[PDB]
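> Sending over a structure as structure tokens; questions will come in a sec.
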Amino acid sequence: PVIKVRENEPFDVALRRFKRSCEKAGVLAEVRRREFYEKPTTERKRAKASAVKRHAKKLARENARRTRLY
Amino acid sequence: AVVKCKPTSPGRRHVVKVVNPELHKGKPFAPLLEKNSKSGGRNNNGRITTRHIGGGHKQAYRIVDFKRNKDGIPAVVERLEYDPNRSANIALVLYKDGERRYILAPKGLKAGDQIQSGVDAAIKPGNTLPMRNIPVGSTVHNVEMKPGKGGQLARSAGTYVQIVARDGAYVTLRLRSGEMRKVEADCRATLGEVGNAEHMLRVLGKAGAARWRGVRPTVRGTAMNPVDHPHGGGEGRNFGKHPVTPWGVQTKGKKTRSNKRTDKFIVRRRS
Amino acid sequence: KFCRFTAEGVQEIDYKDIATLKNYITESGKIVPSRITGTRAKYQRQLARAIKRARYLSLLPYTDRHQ
Amino acid sequence: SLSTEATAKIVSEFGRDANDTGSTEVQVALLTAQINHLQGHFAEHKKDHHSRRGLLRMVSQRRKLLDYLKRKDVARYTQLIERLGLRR
Amino acid sequence: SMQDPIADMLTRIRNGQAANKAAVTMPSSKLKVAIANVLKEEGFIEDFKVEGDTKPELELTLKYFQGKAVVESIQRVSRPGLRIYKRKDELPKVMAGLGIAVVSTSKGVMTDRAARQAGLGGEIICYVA
Amino acid sequence: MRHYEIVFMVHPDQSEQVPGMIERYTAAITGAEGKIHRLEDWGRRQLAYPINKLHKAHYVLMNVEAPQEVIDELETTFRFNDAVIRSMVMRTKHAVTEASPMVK
RNA sequence: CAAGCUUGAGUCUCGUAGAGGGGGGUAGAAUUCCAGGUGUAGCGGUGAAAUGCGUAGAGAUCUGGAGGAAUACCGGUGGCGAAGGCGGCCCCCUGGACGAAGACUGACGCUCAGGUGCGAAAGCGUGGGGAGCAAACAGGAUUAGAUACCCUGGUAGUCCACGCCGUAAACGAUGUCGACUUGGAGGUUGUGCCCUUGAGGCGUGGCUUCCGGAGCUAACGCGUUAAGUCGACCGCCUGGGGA
RNA sequence: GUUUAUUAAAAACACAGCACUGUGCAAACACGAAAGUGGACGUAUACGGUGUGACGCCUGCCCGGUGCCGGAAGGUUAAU
Ligand SMILES: [Mg+2]
Ligand SMILES: [Mg+2]
Ligand SMILES: [Mg+2]
Ligand SMILES: [Mg+2]
Ligand SMILES: [Mg+2]
Ligand SMILES: [Mg+2]
Ligand SMILES: [Mg+2]
Ligand SMILES: [Mg+2]
Ligand SMILES: [Mg+2]
Ligand SMILES: [Mg+2]
Ligand SMILES: [Mg+2]
Ligand SMILES: [Mg+2]
Ligand SMILES: [Mg+2]
Ligand SMILES: [Mg+2]
Ligand SMILES: [Mg+2]
Ligand SMILES: [Mg+2]
Ligand SMILES: [Mg+2]
Ligand SMILES: [Mg+2]
Ligand SMILES: [Mg+2]
Ligand SMILES: [Mg+2]
Ligand SMILES: [Mg+2]
Ligand SMILES: [Mg+2]
Ligand SMILES: [Mg+2]
Ligand SMILES: [Mg+2]
Ligand SMILES: [Mg+2]
Ligand SMILES: [Mg+2]
Ligand SMILES: [Mg+2]
Ligand SMILES: [Mg+2]
Ligand SMILES: [Mg+2]
């Protein structure tokens with residue numbers, strides 16, 4: 001969030017460091033979820049669905065390697 | 001403790017009675033008693049000034065200490081009594097040296113408790129000390145407007161005043177009405193809130209209970225005659241004028257306050 | 001599973017320590033998730049409480065700016 | 001629950017060998033002591049329904065335990081009732 | 001709660017036969033030993049041996065003929081929720097004679113043929129086929 | 001009895017009478033039969049965030065073994081006194097007598 | 001019926017984790033108002049517009065103050081709890097679960113018609129509180145119509161304490177307990193021993209996730225936490241509407 | 001219960017309950033050219049006024065107009 005430009009730094013890299021710091025901190029991603037209200041019911045639904053999909057994609061990717069030589 | 005009464009008869013149908021088993025039963029402390037005759041709403045001219053007042057039951061004025069300016073010597077409360085001249089209860093507090101007084105009963109205080117006045121006292125419900133030592137945010141009661149005049153603010157059944165600021169010489173406090181008022185720092189106030197808080201829960205039940213309190217019935221203006229009241233007159237339940245007092249002053253909305261002397265003390269008007 | 005504690009045996013994270021505790025908070029005053037730190041479930045759970053205690057005692061800032 | 005010193009004292013005063021730790025009388029005394037100690041707890045925190053169920057479980061176990069003792073041999077149950085203060 | 005040791009024994013032996021277990025160890029009892037004697041006298045099990053001083057355990061060894069289990073169906077008839085008592089002339093006949101129905105009678109725990117030969121009934125326990 | 005740990009910050013304006021406060025607190029503890037095991041002042045240092053429009057406070061830590069009554073009395077004294085800004089009280093199961101990572 | 005026994009069950013002694021419950025305090029982020037300063041012609045909003053806020057100085061910025069709710073990251077198919085449900089921190093009281101070794105109590109064990117208790121949210125009564133959100137309602141907008149979806153405000157309510165009803169997709173659409181019946185990959189939490197050179201290995205427990213063999217099912221699917229084979233008990237179902 | 005003594009005793013007034021409004025104390029208000037008093041030797045759980053009138057379900061829409069309150073950006077405006 002607080003990105004002070006060091007001595008003798010180009011504007012392009014100075015802004016790139018700010019952008020990377022913002023992306024790592026996740027500021028733009030917090031407003032996109034705090035703009036509207038999400039009930040605990042749908043919050044748990046989304047969490048469970050995301051976990052299931054994350055589990056299934058990994059399992060499918062690991063199980064698809066031992067088939068279809070090329 | 002509010003007790004619902006059985007509907008054995010009309011008048012008993014809707015009565016509830018606030019009962020405190022800790023209240024003393026018997027005669028009060030005779031040396032501190034006095035005489036308080038019923039005025040009846042008549043000033044020193046025989047004219048009725050505040051109507052709807054009269055009758056009731058004989059009472060006796062008990063001397064209640066609203067100052068508590070005894071620094072040092074701590075006293076102990078012995079019992080509580082019901083004061084007919086007010087809505088709260090009075091605690092009979094006796095000092096270590098022989099001396100009994102009547103104090104406004106705090107919320108948590110019961111029989112056998114100890115209270116110390118002065119400005120060397122400790123923060124505890126019942127103690128009295130100036131605003132210069134009371135921490136900000138405290139809920140005091142029986143607040144004095146000026147040093148030595150006596151406690152006047154928030155001394156009802158269940159009222160209190162909370163401190164919000166103190167910038168040296170003046171201390172800002174929010175009264176029970178909901179407005180802030182600066183007071184001198186040297187003023188004294190008892191800690192905590194008054195004891196009997198269920199007083200508002202009582203209901204009279206019948207017209208007789210109001211005559212017991214000593215309030216005459218109130219007659220609506222619209223049922224009177226035009227000479228007796230502006231709202232009077234008509235060939236029925238007619239009413240075609242703005243609601244006003246019997247002396248031609250607006251009732252609904254009209255703010256009646258002209259005291260300009262006490263205007264620098266008020267921080268914000270009540271809302 | 002206490003990767004940062006296997007060779008140390010601290011067994012108890014104390015909010016007094018800040019030198020080895022500020023490595024678990026990012027520049028914006030946020031705790032690095034155990035998914036990234038590789039910390040044991042109990043050690044990360046107690047380290048979060050220690051960081052909260054430090055923040056209460058004003059040893060670690062709540063946010064990057066904290067005006 | 002009861003402190004270690006109190007539990008040891010109750011076991012010593014209610015056990016035949018002062019080391020039984022689990023006999024019928026010892027269990028009854030421990031349960032009654034816990035119930036009596038929690039009686040003063042269930043007067044300021046009457047909304048503690050997550051501990052009221054536990055107290056009810058203790059009461060039910062004590063009652064079943066006393067009924068078993070009375071059915072098996074009524075020779076110490078009558079003495080235990082008088083010594084401990086239970087109504088039945 | 002364990003409320004039928006005989007049903008527990010039948011379940012254990014049936015599960016062992018289904019899962020191709022060599023032998024099935026379990027807590028034993030006098031009635032369990034009596035039933036195991038009848039089961040061994042008919043070739044349904046290999047053998048059995050009680051092991052233990054304070055907590056005896058039966059160690060029944062199953063028999064497998066050509067892979068398939070020898071015992072087809074063992075069904076507990078008289079369960080401890082509905083007692084079944086049959087006279088001498090009312091005894092059942094499993095698979096028209098090819099199966100047995102263990103019966104506990106006054107002379108002991110015998111089979112259908114033994115009970116009919118002796119001329120007395122008893123209460124049935126289970127059907128073995 | 002139970003082992004407690006009190007860490008409190010107080011204003012820099014009266015950082016010369018802090019030993020007096022420490023002496024009064026330990027005198028009260030030993031009068032109420034509390035075994036003080038660990039006690040040290042970290043001095044004056046900066047704060048993570050501004051508290052009451054000041055950026056530098058004074059830290060004092062004390063691990064003692066004191067009864068709940070005197071612990072509550074000390075907490076009430078801290079609440080009443082305006083010199084002490086913030087006081088944290090922890091209930092520890094063991095009497096720690098080691099140096100803080102602060103004092104080195 | 002009378003004697004015995006510990007394997008069922010319950011208890012002691014020591015540690016372990018946990019948003020378990022009740023009560024009281026404390027600290028920031030943020031939203032909204034009050035007062036002041038700088039500052040000028042826009043702000044807000046939508047697919048687009050206007051109702052709305054603005055020259056009475058809006059929005060923005062900074063300072064101080066007022067008050068309410070919940071505690072960003074930690075945070076997970078993670079934990080606790082019979083269920084509902086539970087998430088800053090601290091203190092006070094307390095329920096429940098598991099494990100290392102030790103002795104006794106000796107069937108004291110499971111279920112349960114009536115009965116009692118708890119029981120999401122919404123709802124009602126009393127006394128307060130009320131920042132944001134938001135039924136009812138007001139205005140703008142699309143549409144042939146729009147008593148809606150969208151936008152600008154906005155009352156009850158959401159909050160606190162004591163009270164009242166006992167309703168849910170109160171869901172794992174799977175009532176409680178016992179033992180038996182192949183495995184793999186994990187998650188959390190103990191415990192024994194090994195050279196603990198790394199979250200090194202070999203066993204043993206408690207909870208839980210995914211895949212799957214036999215078996216079961218009309219199929220989907222369940223699959224050692226069975227919807228596989230049983231035992232003890234309670235409740236319910238007998239065509240769809242009418243209900 | 002009270003009400004027109006002496007043609008109207010009732011559906012008329014009062015009533016407990018409920019709502020609104022003003023009132024920080026040298027309080028509002030009323031009697032008094034003023035002193036002063038009642039309110040009250042009370043202190044917003046109190047007082048006064050105005051509406052309806054035990055209790056169960058509720059008080060739905062509208063500020064065009066007249067009152068009341070908040071504001072003084074602009075116009076007019078007495079005495080001086
Ligand atoms: Mg009146
Ligand atoms: Mg009235
Ligand atoms: Mg009339
Ligand atoms: Mg006249
Ligand atoms: Mg007139
Ligand atoms: Mg009229
Ligand atoms: Mg008329
Ligand atoms: Mg008319
Ligand atoms: Mg008209
Ligand atoms: Mg007029
Ligand atoms: Mg516990
Ligand atoms: Mg029932
Ligand atoms: Mg609710
Ligand atoms: Mg809104
Ligand atoms: Mg809306
Ligand atoms: Mg409500
Ligand atoms: Mg239902
Ligand atoms: Mg269901
Ligand atoms: Mg049950
Ligand atoms: Mg669980
Ligand atoms: Mg499967
Ligand atoms: Mg009459
Ligand atoms: Mg007449
Ligand atoms: Mg006067
Ligand atoms: Mg009327
Ligand atoms: Mg009505
Ligand atoms: Mg109306
Ligand atoms: Mg208007
Ligand atoms: Mg005006």
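Residue names in the structure tokens use chain letters A, B, ... in the order shown, residue numbers from 1 in each chain, and ligand numbers from 1 in the order shown.
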Write out as a PyMOL selection string each polymer residue whose atoms come within 12 Å of residue C:53, counting only C-alpha atoms (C1' of nucleotides); drop sequence neighbours fewer than 2 positions from it.
(chain C and resi 13-18+21+46-51+55-62) or (chain F and resi 7+87-90) or (chain G and resi 27+88-90)
> May I ask you to extract the residues of chain B within 10 Å of chain F, using only C-alpha atoms, and to give them as a VMD selection string?
chain B and resid 123 133 to 136
> For ligand 26, list the contacting residues at 9 Å or closer, counting only C-alpha atoms (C1' of nucleotides) and all ligand atoms, as a PDB file with C-alpha atoms (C1' of nucleotides), in the first residue's frame.

ATOM      1  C1'   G H  17     -54.470   2.837  30.150  1.00  0.00           C
ATOM      2  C1'   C H  18     -52.286   5.324  25.441  1.00  0.00           C
ATOM      3  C1'   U H  52     -58.696   9.290  22.963  1.00  0.00           C
ATOM      4  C1'   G H  53     -60.408   6.680  27.083  1.00  0.00           C
ATOM      5  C1'   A H  54     -60.397  -0.811  30.955  1.00  0.00           C
ATOM      6  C1'   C H  55     -58.870  -4.998  27.478  1.00  0.00           C
TER       7        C H  55
END
> Given a cut-off of 10 Å, what residues near ligand 4 show up using only C-alpha atoms (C1' of nucleotides) and all ligand atoms, put as an MDAnalysis selection string?
chainID B and resid 225 227:228
> Which residues form the shell of 12 Å around ligand 17 when you count only C-alpha atoms (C1' of nucleotides) and all ligand atoms, given as a ChimeraX atom specification?
/G:166-170
> Taking only C-alpha atoms (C1' of nucleotides) into account, produce a table as JSON lines in which each residue of chain E with an atom at most 12 Å from an atom of chain G appears once, together with its shortest atom pair and the distance in Å to one decimal, ordered by chain and rising number.

{"residue": "E:1", "atom": "CA", "partner": "G:178", "partner_atom": "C1'", "distance": 3.8}
{"residue": "E:2", "atom": "CA", "partner": "G:178", "partner_atom": "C1'", "distance": 4.5}
{"residue": "E:3", "atom": "CA", "partner": "G:231", "partner_atom": "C1'", "distance": 6.5}
{"residue": "E:4", "atom": "CA", "partner": "G:231", "partner_atom": "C1'", "distance": 5.9}
{"residue": "E:5", "atom": "CA", "partner": "G:231", "partner_atom": "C1'", "distance": 8.7}
{"residue": "E:6", "atom": "CA", "partner": "G:231", "partner_atom": "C1'", "distance": 9.3}
{"residue": "E:7", "atom": "CA", "partner": "G:231", "partner_atom": "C1'", "distance": 6.3}
{"residue": "E:8", "atom": "CA", "partner": "G:179", "partner_atom": "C1'", "distance": 6.7}
{"residue": "E:9", "atom": "CA", "partner": "G:180", "partner_atom": "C1'", "distance": 8.6}
{"residue": "E:10", "atom": "CA", "partner": "G:230", "partner_atom": "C1'", "distance": 8.3}
{"residue": "E:11", "atom": "CA", "partner": "G:230", "partner_atom": "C1'", "distance": 6.1}
{"residue": "E:12", "atom": "CA", "partner": "G:180", "partner_atom": "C1'", "distance": 4.8}
{"residue": "E:13", "atom": "CA", "partner": "G:180", "partner_atom": "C1'", "distance": 8.4}
{"residue": "E:14", "atom": "CA", "partner": "G:229", "partner_atom": "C1'", "distance": 7.4}
{"residue": "E:15", "atom": "CA", "partner": "G:181", "partner_atom": "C1'", "distance": 5.7}
{"residue": "E:16", "atom": "CA", "partner": "G:181", "partner_atom": "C1'", "distance": 7.5}
{"residue": "E:17", "atom": "CA", "partner": "G:181", "partner_atom": "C1'", "distance": 9.8}
{"residue": "E:18", "atom": "CA", "partner": "G:181", "partner_atom": "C1'", "distance": 7.8}
{"residue": "E:19", "atom": "CA", "partner": "G:181", "partner_atom": "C1'", "distance": 6.5}
{"residue": "E:20", "atom": "CA", "partner": "G:181", "partner_atom": "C1'", "distance": 10.0}
{"residue": "E:21", "atom": "CA", "partner": "G:181", "partner_atom": "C1'", "distance": 10.0}
{"residue": "E:24", "atom": "CA", "partner": "G:180", "partner_atom": "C1'", "distance": 9.6}
{"residue": "E:25", "atom": "CA", "partner": "G:180", "partner_atom": "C1'", "distance": 10.5}
{"residue": "E:26", "atom": "CA", "partner": "G:180", "partner_atom": "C1'", "distance": 9.6}
{"residue": "E:27", "atom": "CA", "partner": "G:7", "partner_atom": "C1'", "distance": 8.7}
{"residue": "E:28", "atom": "CA", "partner": "G:7", "partner_atom": "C1'", "distance": 11.3}
{"residue": "E:53", "atom": "CA", "partner": "G:5", "partner_atom": "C1'", "distance": 11.6}
{"residue": "E:54", "atom": "CA", "partner": "G:5", "partner_atom": "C1'", "distance": 8.1}
{"residue": "E:55", "atom": "CA", "partner": "G:7", "partner_atom": "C1'", "distance": 7.3}
{"residue": "E:56", "atom": "CA", "partner": "G:7", "partner_atom": "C1'", "distance": 10.3}
{"residue": "E:57", "atom": "CA", "partner": "G:7", "partner_atom": "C1'", "distance": 11.1}
{"residue": "E:73", "atom": "CA", "partner": "G:229", "partner_atom": "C1'", "distance": 10.6}
{"residue": "E:74", "atom": "CA", "partner": "G:229", "partner_atom": "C1'", "distance": 10.4}
{"residue": "E:75", "atom": "CA", "partner": "G:230", "partner_atom": "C1'", "distance": 9.3}
{"residue": "E:76", "atom": "CA", "partner": "G:230", "partner_atom": "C1'", "distance": 8.7}
{"residue": "E:77", "atom": "CA", "partner": "G:230", "partner_atom": "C1'", "distance": 11.6}
{"residue": "E:78", "atom": "CA", "partner": "G:231", "partner_atom": "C1'", "distance": 11.3}
{"residue": "E:79", "atom": "CA", "partner": "G:231", "partner_atom": "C1'", "distance": 7.9}
{"residue": "E:80", "atom": "CA", "partner": "G:231", "partner_atom": "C1'", "distance": 8.2}
{"residue": "E:81", "atom": "CA", "partner": "G:232", "partner_atom": "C1'", "distance": 7.7}
{"residue": "E:82", "atom": "CA", "partner": "G:232", "partner_atom": "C1'", "distance": 11.4}
> Give me, as a PDB file with N, CA and C atoms (P, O5', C5', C4', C3', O3' and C1' of nucleotides), in the first residue's frame, the contact residues of chain G against chain F at a cut-off of 12 Å, counting only C-alpha atoms (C1' of nucleotides).

ATOM      1  P     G G  24     -23.111  -8.460  30.732  1.00  0.00           P
ATOM      2  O5'   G G  24     -21.751  -7.872  31.313  1.00  0.00           O
ATOM      3  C5'   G G  24     -21.653  -7.465  32.670  1.00  0.00           C
ATOM      4  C4'   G G  24     -20.219  -7.232  33.074  1.00  0.00           C
ATOM      5  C3'   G G  24     -19.442  -6.254  32.208  1.00  0.00           C
ATOM      6  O3'   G G  24     -19.694  -4.903  32.552  1.00  0.00           O
ATOM      7  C1'   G G  24     -18.146  -8.201  32.556  1.00  0.00           C
ATOM      8  P     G G  25     -19.279  -3.722  31.547  1.00  0.00           P
ATOM      9  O5'   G G  25     -17.736  -3.484  31.857  1.00  0.00           O
ATOM     10  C5'   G G  25     -16.940  -2.682  31.001  1.00  0.00           C
ATOM     11  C4'   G G  25     -15.497  -3.118  31.017  1.00  0.00           C
ATOM     12  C3'   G G  25     -14.664  -2.664  29.831  1.00  0.00           C
ATOM     13  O3'   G G  25     -14.185  -1.341  29.988  1.00  0.00           O
ATOM     14  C1'   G G  25     -14.291  -4.968  30.233  1.00  0.00           C
ATOM     15  P     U G  26     -14.296  -0.285  28.784  1.00  0.00           P
ATOM     16  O5'   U G  26     -12.945  -0.499  27.971  1.00  0.00           O
ATOM     17  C5'   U G  26     -11.708  -0.675  28.645  1.00  0.00           C
ATOM     18  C4'   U G  26     -10.721  -1.412  27.779  1.00  0.00           C
ATOM     19  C3'   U G  26     -10.640  -0.932  26.339  1.00  0.00           C
ATOM     20  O3'   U G  26      -9.791   0.193  26.198  1.00  0.00           O
ATOM     21  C1'   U G  26     -10.814  -3.295  26.384  1.00  0.00           C
ATOM     22  P     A G  27      -9.998   1.222  24.985  1.00  0.00           P
ATOM     23  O5'   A G  27      -9.366   0.462  23.738  1.00  0.00           O
ATOM     24  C5'   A G  27      -7.983   0.139  23.699  1.00  0.00           C
ATOM     25  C4'   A G  27      -7.586  -0.307  22.317  1.00  0.00           C
ATOM     26  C3'   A G  27      -8.285   0.429  21.187  1.00  0.00           C
ATOM     27  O3'   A G  27      -7.643   1.652  20.871  1.00  0.00           O
ATOM     28  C1'   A G  27      -8.473  -1.897  20.833  1.00  0.00           C
ATOM     29  P     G G  28      -8.171   2.569  19.664  1.00  0.00           P
ATOM     30  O5'   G G  28      -7.291   2.095  18.427  1.00  0.00           O
ATOM     31  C5'   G G  28      -7.570   2.565  17.120  1.00  0.00           C
ATOM     32  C4'   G G  28      -7.462   1.458  16.105  1.00  0.00           C
ATOM     33  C3'   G G  28      -8.382   1.584  14.903  1.00  0.00           C
ATOM     34  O3'   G G  28      -7.856   2.457  13.920  1.00  0.00           O
ATOM     35  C1'   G G  28      -8.496  -0.618  15.762  1.00  0.00           C
ATOM     36  P     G G  64      -7.528  14.375  15.242  1.00  0.00           P
ATOM     37  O5'   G G  64      -8.701  14.732  16.257  1.00  0.00           O
ATOM     38  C5'   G G  64      -8.484  15.660  17.308  1.00  0.00           C
ATOM     39  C4'   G G  64      -9.765  16.323  17.744  1.00  0.00           C
ATOM     40  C3'   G G  64     -10.899  15.398  18.153  1.00  0.00           C
ATOM     41  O3'   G G  64     -10.745  14.863  19.455  1.00  0.00           O
ATOM     42  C1'   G G  64     -11.741  17.095  16.750  1.00  0.00           C
ATOM     43  P     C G  89      -9.577 -14.027  19.592  1.00  0.00           P
ATOM     44  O5'   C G  89      -8.882 -13.133  20.712  1.00  0.00           O
ATOM     45  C5'   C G  89      -7.593 -12.573  20.504  1.00  0.00           C
ATOM     46  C4'   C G  89      -7.292 -11.502  21.520  1.00  0.00           C
ATOM     47  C3'   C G  89      -7.552 -11.879  22.968  1.00  0.00           C
ATOM     48  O3'   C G  89      -6.508 -12.647  23.536  1.00  0.00           O
ATOM     49  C1'   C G  89      -8.492  -9.758  22.533  1.00  0.00           C
ATOM     50  P     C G  90      -6.852 -13.830  24.566  1.00  0.00           P
ATOM     51  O5'   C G  90      -7.112 -13.070  25.940  1.00  0.00           O
ATOM     52  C5'   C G  90      -6.151 -12.163  26.459  1.00  0.00           C
ATOM     53  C4'   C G  90      -6.691 -11.403  27.642  1.00  0.00           C
ATOM     54  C3'   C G  90      -7.452 -12.228  28.667  1.00  0.00           C
ATOM     55  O3'   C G  90      -6.594 -12.913  29.561  1.00  0.00           O
ATOM     56  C1'   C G  90      -8.667 -10.261  28.173  1.00  0.00           C
ATOM     57  P     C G  91      -7.022 -14.341  30.158  1.00  0.00           P
ATOM     58  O5'   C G  91      -7.916 -13.973  31.423  1.00  0.00           O
ATOM     59  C5'   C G  91      -7.456 -13.046  32.396  1.00  0.00           C
ATOM     60  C4'   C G  91      -8.598 -12.474  33.196  1.00  0.00           C
ATOM     61  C3'   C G  91      -9.527 -13.489  33.841  1.00  0.00           C
ATOM     62  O3'   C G  91      -9.014 -14.012  35.053  1.00  0.00           O
ATOM     63  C1'   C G  91     -10.810 -11.829  32.754  1.00  0.00           C
ATOM     64  P     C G  92      -9.264 -15.551  35.435  1.00  0.00           P
ATOM     65  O5'   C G  92     -10.762 -15.574  35.975  1.00  0.00           O
ATOM     66  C5'   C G  92     -11.130 -14.834  37.130  1.00  0.00           C
ATOM     67  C4'   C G  92     -12.618 -14.882  37.363  1.00  0.00           C
ATOM     68  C3'   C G  92     -13.260 -16.258  37.271  1.00  0.00           C
ATOM     69  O3'   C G  92     -13.104 -17.020  38.454  1.00  0.00           O
ATOM     70  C1'   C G  92     -14.541 -14.708  36.031  1.00  0.00           C
TER      71        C G  92
END
> Write out as a ChimeraX atom specification which residues come within 12 Å of residue C:27 when counting only C-alpha atoms (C1' of nucleotides), dropping same-chain ones fewer than 4 positions away.
/A:1-3,21-22,24-25 /C:22-23,31-32,60-65 /G:73
> For N, CA and C atoms (P, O5', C5', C4', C3', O3' and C1' of nucleotides), I'd like the residues from the last selection saved as a PDB file, in the first residue's frame.

ATOM      1  N   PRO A   1       0.813  -1.221   0.000  1.00  0.00           N
ATOM      2  CA  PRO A   1       0.000   0.000   0.000  1.00  0.00           C
ATOM      3  C   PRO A   1       0.846   1.270   0.000  1.00  0.00           C
ATOM      4  N   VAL A   2       1.782   1.367   0.940  1.00  0.00           N
ATOM      5  CA  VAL A   2       2.673   2.514   1.052  1.00  0.00           C
ATOM      6  C   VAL A   2       3.923   2.186   0.245  1.00  0.00           C
ATOM      7  N   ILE A   3       4.017   2.753  -0.958  1.00  0.00           N
ATOM      8  CA  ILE A   3       5.155   2.509  -1.838  1.00  0.00           C
ATOM      9  C   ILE A   3       5.882   3.820  -2.102  1.00  0.00           C
ATOM     10  N   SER A  21       2.761  -4.593  -5.596  1.00  0.00           N
ATOM     11  CA  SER A  21       2.435  -4.567  -4.175  1.00  0.00           C
ATOM     12  C   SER A  21       0.929  -4.623  -3.959  1.00  0.00           C
ATOM     13  N   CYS A  22       0.171  -3.871  -4.763  1.00  0.00           N
ATOM     14  CA  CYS A  22      -1.283  -3.915  -4.654  1.00  0.00           C
ATOM     15  C   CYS A  22      -1.824  -5.299  -4.990  1.00  0.00           C
ATOM     16  N   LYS A  24      -0.259  -8.191  -4.703  1.00  0.00           N
ATOM     17  CA  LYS A  24       0.083  -9.111  -3.623  1.00  0.00           C
ATOM     18  C   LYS A  24      -0.768  -8.867  -2.382  1.00  0.00           C
ATOM     19  N   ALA A  25      -1.066  -7.603  -2.069  1.00  0.00           N
ATOM     20  CA  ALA A  25      -1.898  -7.301  -0.911  1.00  0.00           C
ATOM     21  C   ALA A  25      -3.358  -7.669  -1.134  1.00  0.00           C
TER      22      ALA A  25
ATOM     23  N   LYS C  22       7.747 -10.755  13.300  1.00  0.00           N
ATOM     24  CA  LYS C  22       7.387  -9.864  12.204  1.00  0.00           C
ATOM     25  C   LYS C  22       7.576 -10.504  10.837  1.00  0.00           C
ATOM     26  N   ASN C  23       8.216 -11.674  10.768  1.00  0.00           N
ATOM     27  CA  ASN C  23       8.364 -12.372   9.499  1.00  0.00           C
ATOM     28  C   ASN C  23       7.072 -13.048   9.061  1.00  0.00           C
ATOM     29  N   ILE C  31      -1.386 -11.246   8.313  1.00  0.00           N
ATOM     30  CA  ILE C  31      -0.697 -12.502   8.590  1.00  0.00           C
ATOM     31  C   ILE C  31      -0.553 -13.399   7.370  1.00  0.00           C
ATOM     32  N   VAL C  32       0.680 -13.775   7.059  1.00  0.00           N
ATOM     33  CA  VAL C  32       0.910 -14.708   5.942  1.00  0.00           C
ATOM     34  C   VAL C  32       0.251 -16.065   6.162  1.00  0.00           C
ATOM     35  N   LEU C  60       2.673  -4.542  16.969  1.00  0.00           N
ATOM     36  CA  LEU C  60       2.581  -4.706  15.528  1.00  0.00           C
ATOM     37  C   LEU C  60       1.394  -3.914  15.006  1.00  0.00           C
ATOM     38  N   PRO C  61       1.562  -3.204  13.893  1.00  0.00           N
ATOM     39  CA  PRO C  61       0.457  -2.407  13.355  1.00  0.00           C
ATOM     40  C   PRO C  61      -0.636  -3.281  12.761  1.00  0.00           C
ATOM     41  N   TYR C  62      -1.864  -2.768  12.824  1.00  0.00           N
ATOM     42  CA  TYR C  62      -3.008  -3.432  12.212  1.00  0.00           C
ATOM     43  C   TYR C  62      -3.032  -3.303  10.698  1.00  0.00           C
ATOM     44  N   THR C  63      -2.718  -2.123  10.168  1.00  0.00           N
ATOM     45  CA  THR C  63      -2.681  -1.880   8.735  1.00  0.00           C
ATOM     46  C   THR C  63      -1.368  -1.198   8.373  1.00  0.00           C
ATOM     47  N   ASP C  64      -1.123  -1.082   7.067  1.00  0.00           N
ATOM     48  CA  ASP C  64       0.111  -0.468   6.587  1.00  0.00           C
ATOM     49  C   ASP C  64       0.162   1.011   6.945  1.00  0.00           C
ATOM     50  N   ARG C  65      -0.917   1.741   6.663  1.00  0.00           N
ATOM     51  CA  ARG C  65      -0.965   3.168   6.955  1.00  0.00           C
ATOM     52  C   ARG C  65      -1.254   3.427   8.431  1.00  0.00           C
TER      53      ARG C  65
ATOM     54  P     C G  73     -10.423 -12.097   5.650  1.00  0.00           P
ATOM     55  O5'   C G  73      -8.849 -11.961   5.864  1.00  0.00           O
ATOM     56  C5'   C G  73      -7.948 -12.056   4.768  1.00  0.00           C
ATOM     57  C4'   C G  73      -6.523 -12.187   5.243  1.00  0.00           C
ATOM     58  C3'   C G  73      -6.223 -13.411   6.098  1.00  0.00           C
ATOM     59  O3'   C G  73      -5.909 -14.543   5.306  1.00  0.00           O
ATOM     60  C1'   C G  73      -5.321 -11.462   7.119  1.00  0.00           C
TER      61        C G  73
END
